[PDB]
Each structure stands twice: as structure tokens, then as C-alpha cells.
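Protein chains in written order, with the deposited numbering: chain C, 44 to 296, 312 to 373; chain A, 47 to 297, 312 to 373, 379 to 382; chain B, 46 to 308, 312 to 377. To start, the structure itself, in C-alpha cells.
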Amino acid sequence: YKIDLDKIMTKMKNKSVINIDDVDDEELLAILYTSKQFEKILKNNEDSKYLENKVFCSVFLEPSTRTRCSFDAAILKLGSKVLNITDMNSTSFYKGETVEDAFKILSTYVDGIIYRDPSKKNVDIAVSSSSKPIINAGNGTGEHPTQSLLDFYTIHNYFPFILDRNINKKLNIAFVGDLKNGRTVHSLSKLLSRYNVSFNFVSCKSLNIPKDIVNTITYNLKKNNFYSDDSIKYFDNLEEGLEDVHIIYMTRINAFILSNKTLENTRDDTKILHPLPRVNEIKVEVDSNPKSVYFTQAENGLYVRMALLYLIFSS
Amino acid sequence: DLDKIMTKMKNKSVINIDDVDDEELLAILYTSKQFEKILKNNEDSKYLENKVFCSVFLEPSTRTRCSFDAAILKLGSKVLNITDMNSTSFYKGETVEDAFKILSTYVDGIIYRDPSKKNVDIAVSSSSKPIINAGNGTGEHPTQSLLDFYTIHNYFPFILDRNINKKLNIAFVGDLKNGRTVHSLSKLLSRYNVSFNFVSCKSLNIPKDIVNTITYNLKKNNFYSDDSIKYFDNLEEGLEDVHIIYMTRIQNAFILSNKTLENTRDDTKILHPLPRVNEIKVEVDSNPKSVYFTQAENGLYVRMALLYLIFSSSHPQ
Amino acid sequence: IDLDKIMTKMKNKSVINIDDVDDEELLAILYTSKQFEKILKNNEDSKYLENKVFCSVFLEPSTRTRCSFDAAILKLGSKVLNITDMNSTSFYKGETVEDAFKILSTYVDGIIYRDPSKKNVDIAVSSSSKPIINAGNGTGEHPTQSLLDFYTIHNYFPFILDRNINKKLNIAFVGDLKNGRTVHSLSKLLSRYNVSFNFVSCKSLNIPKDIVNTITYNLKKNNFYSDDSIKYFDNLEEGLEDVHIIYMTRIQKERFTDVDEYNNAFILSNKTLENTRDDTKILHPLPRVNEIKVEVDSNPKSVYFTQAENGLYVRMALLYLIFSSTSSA
Ligand SMILES: COCCNC(=O)c1cc(-c2ccccc2)sc1N
Ligand code: NA
């Protein structure tokens, strides 16, 4: 189709996925391609059991029901099995024990571990100590790689020229709301800036985007000669914010409540993403508007997570 | 006719016992009996593989959850469990509509228990996938009524005949005001040729609304008389000529002993949704009239039946 | 030797106490456990017990034993309903254990049960129509810990099984011997063989007399008892002298009236391992907190991580032996 695969599978076998930076251009292509294969299989109610005989541990040490249920659905649909650790925090699970000991032991029982922990540190220790691959399901640095991949998958389906890399093939996107703490913005901003992309950061002063992320965007745009001083624009209101943008990404939380009113002066092709849950940021009326795709976006998580597990754990 | 009735039930939500009509009950009771023999003969039970369900229990209800999960696993399917949360810890903020719109894109079907009447209704509205109610706050617990009715049908199969000469009599005993298990089953029974002895204390008398549904449904099949519904204060009169004694829970006055079972019909059988406390004495467990343990066991066979009928995309023998 | 006979003996066996496991059964277990070790280490199919549906009831947080038992059930190719993050009272609610187990056992092929209550597990076996494996209770009965403890020893010193007057194993149990009920269970299993014991403790945490009496009784039964069969020490220097196995116990803040009582007398270092036999191996049921230093993990005498890993293989063996329908693969 585009790139070799099956030597990309060889490259991904037993790979830990902690940060979106652990995923290079070829791996992204395998994932996006594999994700699309699982989409059609499931949409045709065909056999999905392409990874059996595998037993995974799911460790969720913060309530994050939707990501856990996603990862469990992916594991079960591939025809594998999973033991769950759940409804506990960092302290009830470790009790006394060091993370290093806990992961050294847990990794002798299972083929791989899905790990969510508020602590940035704990996931890094867990990779140090685990004899088995770990997928980060979310931590405290805002590394949530599988959210980036399904965010990117969703975009790719409506605008596949993001992948084509060409000063012609330029996508514009507006991130809106809490840009300081929207770690989902940061992770995706990082993946996007590898391609021909422009950014409208719509925030209220105290929640402006961090400079560290601006510098990574700038660095990565320059690497592919897609950077200009018109690559990044800041806005204080939705009016101007929501303009010539192919994607509107709303963050969790306000100042910016998306209505059918405020979507009147957007491109006709604009699509609206939201990692969810929404609390007020997007009004129920918008759900009917064919520009909204946040529910397809959540659905895509299944197909992407199946792809990632198949690519890493298949023998 | 299975390849008609199955086709009618495919992707059906079961929220209330009135979502189950005459022919659906017959498919269920027939399929339930097939799963009974298969399991009792240690034969292959994997009639529904490659299916992934979500079980959401937002109230501690271990027996029903374990039942539904056993059924899903024994049919050869898989299940993600949501558990030890209440309405607020799950939905940490999120609308039920969003939560079910998303969750239903991951799974083939959902078993949902929630104290809230409202939530289950919203869940059906928003879900792209079938829901089976495992219990809510309206007292809709359909699968309990089905296994209650399954158990009765095994000892007295003429309830299904609707024959003016083959009437079943049953005594419901204990908390009839709040025993919504009584209400759901009373509703299913009154569709057939059945008579009711309500044995209660004043403040726990059966509600008027239930009496009107019984009356309505008896009349519908011309099985109604003034001796269709009899009220009692005591077991001696209560247990008179009753084929079934259904004891209720309490959250005492009516304690079933071997004494109180002496002047019952020989064929009388004793049901109890469980758990019991002091309403039935351990001595009665030995008495061959008691079937409350077989009744809980029947829930596996009925829940398997209902899942197979709804989710199946070689009909079982 | 004769697995076709011993498997037939174990089919539908409940395993509550290490005394429910006799000589022949131990040998089936140790033999089967070693088969599952190689299968898993060769990435071969391990699905020797499919179409089985188990309930795992954990009514105290004991996450490592539960995850172990879950891994074993899943790797054998079977399925499990989990009860978890409950205590005796939130589960049961009103209900009698007898009713609860009479019902639960009609749904499933077998039950893994952990409950602090000694009583509850006994009632559960009496009422259950289906086999129960005790995963740990309040009498200190934790049979699967004994078996994997003994499995690990047997791999480094297989002459424990020979019961040969001239091939005696010596072992040091170290730390909390009063409350280390892991020591008690294993002491009981070991004393059936040609074994000698160094109990290394602080006065307050000396081994209980009733355990010493069982050891003494069981050694005498096989004519392996002497006055040098059981030696007490206060210190590691004498403790660790000529011992093939050093078993470190846990020290659990709980069991101690107050935080002050807790304060960590016997800390195994590379220093303290200088005057041990060359072949000595170090076990620890885990988790550790301070009693073994991280430096020791590199020292080739340490096997406590292999020991935890062995629990998968032993739990697979035990499930396969007990639940496999009239099987021979
Ligand atoms: C972080 O480590 C958790 C404990 N891991 C374990 O080894 C474990 C759990 C148990 C336990 C531990 C303390 C108090 C009561 C029971 S028994 C067992 N196999
Ligand atoms: Na499970």
C-alpha cells in the first residue's frame, strides 16, 4: 500500500508504548492501516480473533472506566483474555511493596500489561522492572499515547492528505478550552507537527498553551520545512478561533461553549472532536450537526487499541 | 417455532416482564430446558461464542451478576465487568445518554443493574445495542420472573395450557408491599389460569395497582372470579389449597416450618427468590416440597436461554 | 510414577490444608508443575483445561495470590467470574455462607476462596457441591504457598523426596516465626522428609511450641529425628551456618499491637551470606520490606523471584489435576 509491514511487525514485536514519541513514521502507518482493517472486520461482523492464547493484566490505579473498558473490549475481541486490577490507587495496590518488585513478579504471570497510574514515575519504573511489554493507558506527564493514535486516526479518515506530507497538503486545526492541562492537546500537537499542519490555540489567559509544546511543534514543523510565522495563531474568542480550521478539537473543563450558532461561520468540511467526557463545552444540539464526530472518535479507540495489541503481541 | 421466534427476539431489549409476550415465554422456557439437560449431561454448552458483553452493576447484587456472567461464559462468550460503583462514581459527571452511546460501540450487549428506574430507560434510548435489565428501582427484574415461572412450569406444566379446568393456586407470603418480585411474577401468572392467596401483615398488604393488573389479566382470559384473589393474616388459612408457596424477603410473623407445611397439598412446592433469613427454617431444606435452591440454579439456564435467543447470529439438543 | 491413578484420586478433591495432600499427590503436583514450567518456557499451547468456568472469591485484598490464580485459570484456557475488594460482610450481606456456597456452586465448576475467617472456608467446603481451593485463611492454611515453596526447594535439592537417612536437607526460617504462618504450613510439609530446622528469631517471635511438636512428631514417624533436628538462634551468624535453604519470613506492621513493636532485626545482605554453603538458596514468600537488600537480588543464591513465578506453574498443575474431566493429555 505505502510501506513494507511484516518487518514493521518485527520492529514492533515486544515494544512498550509509553509516549507517542516511541512511535515512528512506519509504526504509525502500520497502526493506522491495521486499525482500518479491524474497523471493516467489525463493521462486517466478521471474525476478529487474530490474537488468541494471550493473557494480559490491566492495572487501573485511578478511576478511568472508559479507557479500561476500551482496552478490555480490544483484548476480548482479538480473542485473548485479561485479569483486571481496579478501583484501587497507587497506595492500596503497592501497600509496602516497591513498584520494581510488583512489576518484576506480575510480568512472570502475563504476556503484557496495560497500566494507568497518575504517577509519571511509576510507569517508567514499571518499564524498568517488567520482563513484558507495557502499554501506558494514561499517566501524570499527560502521556496517553493510544488517545493520540485514535485522535490522529479520526482526523486521517476525514483528511488523509495529513499523511501525504507536501506544502500543498496543509491541515489547520483549532484546540479550544483548557490548553494548560489538556494533556490530550499536547500529545496530539506533538504527533500533528510531524506533518503539514497549522494550529489555532483558543484559550482564556490562565489556560494558554505551554511554551514547551509550542517549541516541539516549531522544532518538528521546521524538520519537514512546513513552519512559518502563520503556522501558530492564538485567539481569545471562538468567533475568529473556529475559522479556516478543518478540525475543531474541544478540551475537557467555561468561556467557549460550542453551539449550532457558533458553528455557522466554519468551513463546510470542518469536523468536531472531543476526547470526552464533555460537561457543558458542546451543547446537545451539536450532536445532530453532521460536522460532529466525537462519538465515532471514541468508537475508533477500539479499532486502534486492537491494532496496537495485534502489532506488538502477535508471534 | 424457534427460527421464527428467535428472529423476532434478535437484538430485543428486555427491561420489563411485559416486554415478553406468550410466544417469547415459550421459546425462553423451551431453550432454558435445553440448556438444563446439556449442562446436567456435561455436554458442550458453547452455543454463543465470539460475543463480548459489558455487565454494569451500579448496586451490590452479587448473585444476579455472578449468574449472568456464568451464563455468558458457559455459552462460550466473554464479558467486561463494571462493578463496586454507584450511579455517581460511574457517570462521574457524564450524561447517561453519552455513557451508553459510547459504551455500546465497544460491545454486543449490556447487562445493566441500577437502582434508578430512569437510568435504565435512558440507557435503552441511547444504546446502539440490546440491554437486559438485571434489576432497577421500578422493581422491574424480568429474569427473576422468568426463572420463577420456569421453576413453577417444571412442577405444573398446565399453567401454559390456559385450560378452564387446570387452574394453579399460589400463596405469596411476607412483605407484599415492597416485594417487587411478587409484583413482577403476579403480573406474569395472571396471564394464565391462576389464583392468588396474599398472606401479609396490614402495612405490608399487596398494593391496589397490582390487584388491578391481576384482575385485568385474569378477565382478559376469562379466568377471573371473586375467589381468584383471597387475603389472609395467617399461614394456616394462607397455605390452604396452593400448588406453590412463594415466600418473600424482608428489609418475624410468617416463618415456614415442617409444622406449617403439614396441611398443604402433597404436590405443593416452596419458592423463595433468596436470600432467606428466618422466613424458612433449615429443617424445610430436607422436605422434598422445598425447591428454592433449584429455583436459584434455574436462573443460569434461563439467563443462557435469554442471551442465546437475543444475541445468536444447531438449535440446542 | 502412576499419574492415571493419582489424577483419578484427585478429581474433584478440595484442597483446604497441606495435610489434604499426601505423598503421591505431592509427586503428581511437583511432576505436573514441572511440565507446565517447560510448556510456558517453550511458548507452547498450555490450554489443557478449557470449557471450565471458575469463581474466584477474594474477601480480603490479596492481589498477588488472586492475580496468580486468575493467570493460571486463563492460561489453562478456562474462564473465571471474580469477587474482589469485598470483605466477608459486604458479600454475604445477610446470607448464611452455607446458602451462598450451595447456590454459587450450581453455576461454576470450582471455586478459589480466600477469606480471613478459618470457619467460613470450612463451611464453604461442607455446603459446596463443587471443589474449593483455599487461597489463604485465618488458621494460616495457605496450601498453594506450601506447594510452590516446596516446589522451589525440590528444584535445587531433589533428595528431600528420596527420604534417605544420609541425604538430609537443613533449612533456616528467619524473622517473625510466631506470625509467619507460611513457616508453619511449610515446616509441616518439610518434617514429612529428612530435614533439619534452624529457627532464627527474636524472643517475642520464637516459633510456636505446637509447630515444634508436629515437626518432632513427623520426623520421629520416619526415623529422621535427633536432638540436632531443631536448633534455635538469635543471630544470622549461627543461624545461616550449614543450611541448604534460607527462608526469610515477612514482617507485617499488622500482628504488632503498635508501630513501636515492628522496629527489623534480621536483614539479609551480601555480608551475611559470606559464611553460607555455596549451594544455599534464599526464598521469601514476598512482598519484602527491608529484610532482603536489593544488592542480594544479583547474588545467584537468591531465587525468591523464581519462587513467586513457580506459583503460576503449581496453581496450573493443581487446577489441571483436580478439574480436568477424565483427561490424559
Ligand atoms: C503489594 O503486594 C501485595 C501483596 N502481595 C502478595 O504477595 C499477596 C497478597 C497477600 C497479602 C498481603 C498482605 C496482607 C494480606 C494478604 S498474600 C499474597 N500472595
Ligand atoms: Na473477566
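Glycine included, each C-beta is placed from N, C-alpha and C at the ideal position.
Chain-order list of chain A residues neighbouring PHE353/C: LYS147, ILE148, by C-beta distance under 7 Å. For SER135/C, the closest Cβ of chain A is not nearer than 8 Å. Within the model, the alpha-carbon separation for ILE46/C versus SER113/B is close to 41 Å.
Each residue's CA atom was taken as its position, placing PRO106/C and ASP130/C some 6 Å apart. Comparing C-alpha distances from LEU193/B to each of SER372/B, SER236/B, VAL362/B shows the shortest one belongs to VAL362/B. Under the 8 Å Cβ criterion, the region 145–159 of chain C does not count as touching the region 70–80 of chain C, having fewer than three qualifying pairs. Here the alpha carbons of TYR196/B and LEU121/A stand approximately 36 Å from one another. Chain B places no beta carbon closer than 8 Å to that of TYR292/C, leaving this residue out of the contacts. A heavy atom of ligand 1 is found nearer than 7 Å to the CB of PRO335/B.
Taking a beta-carbon distance threshold of 8 Å, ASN209/A does not count as an interface residue toward chain C. Set against 7 Å, the gap from the CB of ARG237/C to the closest heavy atom of ligand 1 is not smaller.
Bounds of the alpha helix (DSSP H) holding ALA145/C are 142–152. Taking 8 Å as the cut-off, the Cβ atoms of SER59/B and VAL170/B count as close. Boundaries of the alpha helix (DSSP H) harbouring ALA365/A: 352–371, taken from the DSSP string.
In terms of Cα proximity to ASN251/B, the closest of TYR277/B, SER230/B, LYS97/B, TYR76/B is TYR277/B.
The beta carbon of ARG109/B sits closer than 7 Å to at least one heavy atom of ligand 1. The beta carbon of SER236/A lies closer than 7 Å to those of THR259, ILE260, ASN263, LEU264 in the same chain, with the five residues before and after it left out. Using a Cβ distance threshold of 8 Å, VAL166/B and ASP160/B count as a contacting pair. Against chain B, the CB of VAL257/A has no partner CB under 8 Å away; the residue lies outside that interface. Look at the region 94–148 of chain B and you find these whole runs of alpha helix (DSSP H), each 4 residues long or longer: 108–120. Going by DSSP, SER241/B is part of the beta strand (DSSP E) stretching over 240–245. When secondary structure is reduced to three states using DSSP, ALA313/C falls in the coil class, being assigned neither helix nor strand.
Within chain B, the residues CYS112, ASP115, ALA116 have their CB atoms less than 9 Å from the CB of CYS100/C, given in chain order.
Proximity of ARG226/C to chain A, defined by a Cβ-Cβ separation below 8 Å, is not satisfied.
For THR294/A against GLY225/A, the beta-carbon gap comes to about 4 Å, under 8 Å, which counts as contact. Scanning chain C for C-beta atoms nearer than 7 Å to the C-beta of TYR152/A yields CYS112, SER113, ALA116, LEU360, reported in chain order. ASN215/A is bridged by DSSP to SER241/A. Here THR328/A really is in contact with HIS289/A; their C-beta atoms are around 6 Å apart, less than 8 Å. Beta-bridge partners assigned by DSSP to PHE278/B: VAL245/B.
Relative to ligand 1, the nearest heavy atom lies less than 7 Å away from the CB of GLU140/C.
Short note on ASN127/A: C-beta closer than 7 Å to some heavy atom of ligand 2. For the alpha helix (DSSP H) assignment, the uninterrupted runs of no fewer than 4 residues enclosed by the region 176–210 of chain A are, from N- to C-terminal side, 188–201. For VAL219/A, the closest C-alpha among the options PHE242/A, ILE205/A, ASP207/A, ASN209/A is that of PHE242/A. Taking a C-beta cut-off of 8 Å against chain C, the contacting residues of the region 84–96 of chain A are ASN96, listed in chain order.
The continuous stretches of alpha helix (DSSP H) do not include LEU250/B, and DSSP gives it neither H nor E. Nearest CB-CB separation between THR108/B and chain C: below the 8 Å threshold.
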